[PDB]
Amino acid sequence: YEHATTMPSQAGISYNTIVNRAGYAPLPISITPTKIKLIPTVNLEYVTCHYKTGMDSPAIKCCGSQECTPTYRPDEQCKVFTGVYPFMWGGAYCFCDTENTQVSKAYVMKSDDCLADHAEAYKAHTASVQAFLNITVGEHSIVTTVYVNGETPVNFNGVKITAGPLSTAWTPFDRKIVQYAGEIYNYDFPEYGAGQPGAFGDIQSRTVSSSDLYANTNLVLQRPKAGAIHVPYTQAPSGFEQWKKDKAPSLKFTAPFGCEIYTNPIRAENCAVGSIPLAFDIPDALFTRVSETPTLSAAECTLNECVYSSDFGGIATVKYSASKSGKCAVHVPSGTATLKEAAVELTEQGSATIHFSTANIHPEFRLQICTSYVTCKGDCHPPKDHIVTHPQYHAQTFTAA
Amino acid sequence: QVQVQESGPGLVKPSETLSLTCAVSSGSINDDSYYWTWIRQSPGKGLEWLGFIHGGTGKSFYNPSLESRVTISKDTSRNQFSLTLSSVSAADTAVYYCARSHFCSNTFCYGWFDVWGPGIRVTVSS
Amino acid sequence: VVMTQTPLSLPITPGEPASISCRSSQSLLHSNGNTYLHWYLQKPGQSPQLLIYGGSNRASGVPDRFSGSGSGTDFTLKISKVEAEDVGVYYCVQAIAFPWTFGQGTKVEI
Amino acid sequence: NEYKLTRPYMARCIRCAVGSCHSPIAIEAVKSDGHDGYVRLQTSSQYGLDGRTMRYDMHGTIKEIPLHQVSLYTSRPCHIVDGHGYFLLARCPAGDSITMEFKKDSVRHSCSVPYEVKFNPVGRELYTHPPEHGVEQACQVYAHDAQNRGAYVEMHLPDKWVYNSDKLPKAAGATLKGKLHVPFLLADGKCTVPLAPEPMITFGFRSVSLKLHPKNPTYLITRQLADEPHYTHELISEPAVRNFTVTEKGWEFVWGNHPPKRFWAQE
Amino acid sequence: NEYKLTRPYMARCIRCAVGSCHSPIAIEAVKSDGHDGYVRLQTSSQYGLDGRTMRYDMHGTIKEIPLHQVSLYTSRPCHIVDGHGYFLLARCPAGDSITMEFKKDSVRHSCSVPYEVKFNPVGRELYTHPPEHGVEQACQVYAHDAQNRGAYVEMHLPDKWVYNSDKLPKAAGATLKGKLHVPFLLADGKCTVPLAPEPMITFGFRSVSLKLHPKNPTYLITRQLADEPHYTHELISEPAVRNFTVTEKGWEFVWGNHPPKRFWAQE
């Protein structure tokens, strides 16, 4: 038999529904999401890290005349200077006053530490939503992982369960993502070949172990001073450092719907948003009729102690006289309450207690045992602590008074 | 996975400060959960334990019989591992080995040592 | 601390089980529920590899042709079916109190 | 091998303790980008075994001092952890210079260099000296392995090899070049980050009140668990009272290196 | 006794010139809450007469250096003043740490600890190093007398006594306790505080104009002498020109460590 229910995407919380056929006995379905994931499709664009201004040595000639050999290093500058290494007692041990010639060459390579201090730039799309469930469909216990694309079913003991789609189509992960030290940031990183100096992207390798990097670091070879041999250069500060010391906080500290962002398997776990639909196909075997269950019993409910808190405040008490001393399903078809359990155990001619939650000052909720519609009614005292750490176990309609 | 070799001289003259070493070939000495040991074998005596030391938080542990004259040390700069035995004797002619210990997530790593090096013979002779 | 291994040697022809015993001075059981015992296999020309620790715990890259057990001080290493490559020496080994003393060595050959 | 194959050079320093000179302890490179104050230096000396000493060059004759007579400082002193090849590893605080010096049997020799050693604390309690005890987080620290992880630097024959420095020219006989490993790489690990005092949390109707008494500048990160995050991110050094509104949806609270706490109201 | 019965110990310091280890020169306590830079330290090593020496614990054996080889530094070097027991009195400036160190034959020993040494200037001219000359106010500085004043700290046998430290555990045989005195308590006295330059005071119709030319940050405290005081507190470093209104009810002010001056207007 088929059933089309809806589950608020919110981990840690149970969902106790029932399947009640017009002639056969009920079936409690307790499904509890332990984790609910949100995994984007990540496509690499480039990587980045600090730079290291490599400095090929001076090529000096005394009373000389040099020429630059064009090399193709990243941001390969090159120049020739005249006059700067004047006489003996002038560093280069040259004889001359002018027409001594230096050739300087400075390139920009990636740091020696770029294997384990580097940011990864990413383009995201196409969230492949996913989840972990703890499931009980007719006295079973399963810890299955589930995709909530509506084409990938699971099967336990004859049942077929299919979850999704349309989990509100939301993502926190913007189109442009940066990964660094486990933290994820929504930065508008420039493409491979548009990176400017003093910004994230001054060094751009396609991979961390590619053969070519792009360096736009604003390097300008300068003129040396006598006294000793050297190669000067004015260069910009790295944009890695500057993004680092001025970045905003991470997406784990700026995400809405309470998302928890995680690592290289980029994912937003536990986003309290949307509702995942569940579609069932239950067989008739684990669907037994009444003849092995207790039945109508002249039951009467009372609401002993009610508080309209976020948690299981209320206690209901049902006084019955039933045939068999066994098990019954329990449920409230309305959103006027939410019960802890799905399985009550009726004795022969006793009473039974039911811990539940609710949000109304005047509850009147159609409580159910195996086939009966008992009706609890009462009043609810207000609560004792108006900040808690246990989230909502009810529905919150406009039903205060 | 983690090869180990051993070095040091042979015929050390009696009544002197003997010394040996041992390298960690393709492996970590500065790691926790592994301790490094020194073990000798004398002819007809059977094997014998001397001492060890932990990699990280490297404080040593010796045998009280020759604690007066045994010393184990370490050099992270070379990833090497050492032994210095003062005031040698005649019966100390033995084969010296150095050993690694298993990942000590349990109290079974005590004594439960693993990948070795070949060995170094030491004949305190003239 | 002192520990005796029995017998000194053990001749055998293959296709049979075997059993070797070790008597330790003090009870090698510990208050934390652990029998500290190790059994080293020494082949000819190599350093001691292992078969059975903990009194009854096998090693990782070991065949299933072994077992062991014991109580407090009287411990037994049992072999199931001896092969040709089992020739060497067995060492009983102790670790609960310094020194980490080892066994005298039971020589095994066909 | 390095120490049995290479040779150190003399090179230009700004301040050789009396203006400039050609210094045996020239500083080619300084790296202070790791977290907890480790710096890596690339000198014009070598550090070998014969047992950790410093071999330097002085007018052809190659010299030798121990490593304990060497002394380097930025704004306070430092503590040499290790030396290997041309490179050196230390524990230095922040300053606008690195200086190094030793003393033979006469006037001292030194070299200073403007490189901004930067203390880069770990976590959300900005500190200046690292803590006795605390929680433990990821930290990339200039490691103590002198083993070849993949980095390299170039060098050449001019009898012995010498670094391809910007403070020395290039011969014309033959560029017999070669590459030697950069030790003291930046590796992962676990470092002990501090733990601020427990925040005082006074409730109220859809309101949290936060009395905070920090030992050091601690970041505070608060947001909501709703469609509109409202993320507040402030550095706090003085004692403070910060009040926030907390709906039935949620309100997340992160004080320093503590874990995240969550609160939501009820009628 | 006095004392001849105690023993030093080894203990955890964060930093010991190679990472962490057990240190002879740990720092259990630092107190820096006096006025003119005095700090008291409490270590894992003793100070006595056999002349002023330092008996430290090391791997069972007991050692002895003098107290001219010891060196402690926070951000600038310190100058030890005295030592007694496990305690030490110094003149240290402000920093964010206390390091301490020395050197036997070849090894250097160190211990650094994060404590916020602070220079708490006396008076109303916030200085950093005290002046050559000035007026004399009331100060409390960690004194040099080592007599028994009333302060005590605990210790015990495990042959010799040992401090009841957080970094040593407790014995189970017998808790034979006792108490020993802390010298160098914070006592009163008279200290020399700088005197700012003379303020220039131009007159005007029911007004005063103060031209102020300070050498260092200084408090200007003005009030009216009437039912509505209007107290103006300011810290002043730049040369300033502040104009105040002055009635027949009166107006007084205070410039740094000067006395209060009362001005009164008329028609």
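Residues numbered from 1 in each chain as written, not as in the entry; some residues may be left out. Chains lettered and ligands numbered in written order. Part of a larger assembly, values for the part shown. Heavy atoms only, no water. Residues with missing side-chain atoms left out of burial classes, pairs and counts.

Regarding the overall build of chain B
Check the secondary structure of chain B and you find zero helices and eleven strands. In sequence order, chain B lays out its α and β elements as β-β-β-β-β-β-β-β-β-β-β. What you see for chain B is a C-alpha radius of gyration of 14 Å, in line with the 14 Å of a compact globule of 126 residues. On the principal axes, the C-alpha backbone points of chain B span a range of 45 × 25 × 25 Å. By sequence separation, contacts in chain B at least 24 residues apart represent 56% of the contacts at least 6 residues apart. (Helix = DSSP H or I, 4+ residues; strand = E, 2+ residues; numbered from the N terminus. Rg over C-alpha atoms; globule rule 2.2 N^0.38 Å. Contact = heavy atoms within 4.5 Å.)

Observations concerning the sheet that holds strand β8 (residues 71-73) of chain E
Residues and elements named next belong to chain E. Spatially, three strands are ordered β8-β10-β11 in an open sheet, and the strand pairing comes out antiparallel. On the outer flanks of this sheet lie β8 and β11 (108-113), each paired with one strand and no other. Pairs of neighbouring strands in the sheet enclose a mean axial angle of 15°, with direction left out of account. (Pairing = 2+ DSSP bridges. Axes fitted to C-alpha atoms, helices over the stretch in contact; angles between N-to-C directions.)

With respect to the UniProt feature "disulfide bond" in chain A
Residues and elements named next belong to chain A. Only sulfur pairs under 2.5 Å apart are read as disulfides, and the UniProt pair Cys68 and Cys78, at 2.0 Å, is one of them here. Of this pair, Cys68 sits in the loop between β4 (51-61) and β5 (77-82) while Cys78 is found in strand β5, placing the two residues ten residues apart along the sequence. Between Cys306 and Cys380, where UniProt records a disulfide, the sulfur-sulfur distance comes to 2.0 Å, consistent with the annotated bond. In this pair, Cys306 sits in the loop between β20 (300-305) and β21 (314-319) while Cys380 sits in the loop between β27 (373-377) and β28 (387-388), placing the two residues 74 residues apart along the sequence. (Disulfide = S-S within 2.5 Å. UniProt positions renumbered as here; feature names shortened; annotations may be inferred.)

Topic: the packing of aromatic side chains
Seen in terms of ring centroids, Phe356 of chain A and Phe365 of chain A are 5.1 Å apart; in terms of plane orientation they differ by 50°. Their pairing is tilted. Ring centres 6.2 Å apart and planes at 65° place the aromatic pair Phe203 of chain D and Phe263 of chain D in the edge-to-face group. Of the two residues, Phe203 of chain D sits in strand β18 (residues 200-204) while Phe263 of chain D sits in the loop between β24 (261-262) and β25 (264-265), which places them 60 residues apart along the sequence. The ring of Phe189 of chain A is capped by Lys176 of chain A, whose NZ or CZ atom sits 5.8 Å from the centre of that ring. (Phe/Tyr/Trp six-rings, centres within 6.5 Å; stacked < 30°, edge-to-face > 60°. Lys NZ or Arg CZ within 6 Å of the ring centre and 35° of its normal.)

Points about the interface of chain B and chain C
Counting residues at the interface gives 20 residues for chain B, matched by 16 residues for chain C. For the side of chain B that touches chain C, the element with the highest residue contribution is strand β4 (residues 46-54) of chain B, accounting for four residues.

Section: the pattern of salt bridges
Here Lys31 of chain D and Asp33 of chain D are joined by a salt bridge, their closest N and O atoms 3.4 Å apart. Put simply, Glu45, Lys123 and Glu191 of chain A are held in one network by salt bridges that share partners. (Salt bridge = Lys/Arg side-chain N within 4 Å of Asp/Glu carboxyl O.)

Some points on the pairing of strand β14 (residues 152-156) of chain E
Residues and elements named next belong to chain E. Examined bridge by bridge, β14 and strand β16 (residues 177-181) share five bridges and lie antiparallel to one another. By the bridge assignment for β16, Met155 is matched with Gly178. As paired elements, β14 and strand β15 (residues 162-163) share two bridges and run antiparallel to each other. When the bridges of β15 are listed, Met155 appears paired with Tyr163.

What to know about the interface of chain A and chain D
Accessible area lost upon the coming together of the parts is a frequently used measure of interface size. On the chain D side, the residues contacting the 40 residues of chain A number 46 residues. Of all the secondary-structure elements, those providing two or more residues to the side of chain A that touches chain D are β4 and β28 of chain A. With six residues, β4 of chain A is the single largest residue contributor to the side of chain A that touches chain D. Class assignment for the residues of the side of chain A that touches chain D results in 20 nonpolar, twelve polar and eight charged. Sheet topology note: the β28 of chain A/β25 of chain D ladder contains two bridges and is antiparallel. By the bridge assignment for β25 of chain D, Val388 of chain A is matched with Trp264 of chain D. (Nonpolar A, V, L, I, M, F, W, Y, C, P; charged D, E, K, R; others polar.)

Topic: the state of the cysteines
Residue and element names in this part refer to chain A. With its sulfur 2.0 Å from that of its partner, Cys49 forms a disulfide with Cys114. Linking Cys49 and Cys114, the disulfide has an S-S dihedral of approximately -90° and is accordingly described as left-handed. With a gap of 65 residues between them, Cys49 in the loop between β3 (27-48) and β4 and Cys114 in the loop between β6 (101-110) and β7 (119-137) connect regions that are remote in the sequence. Each sulfur in the disulfide pair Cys259 and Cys271 lies 2.0 Å from the other.

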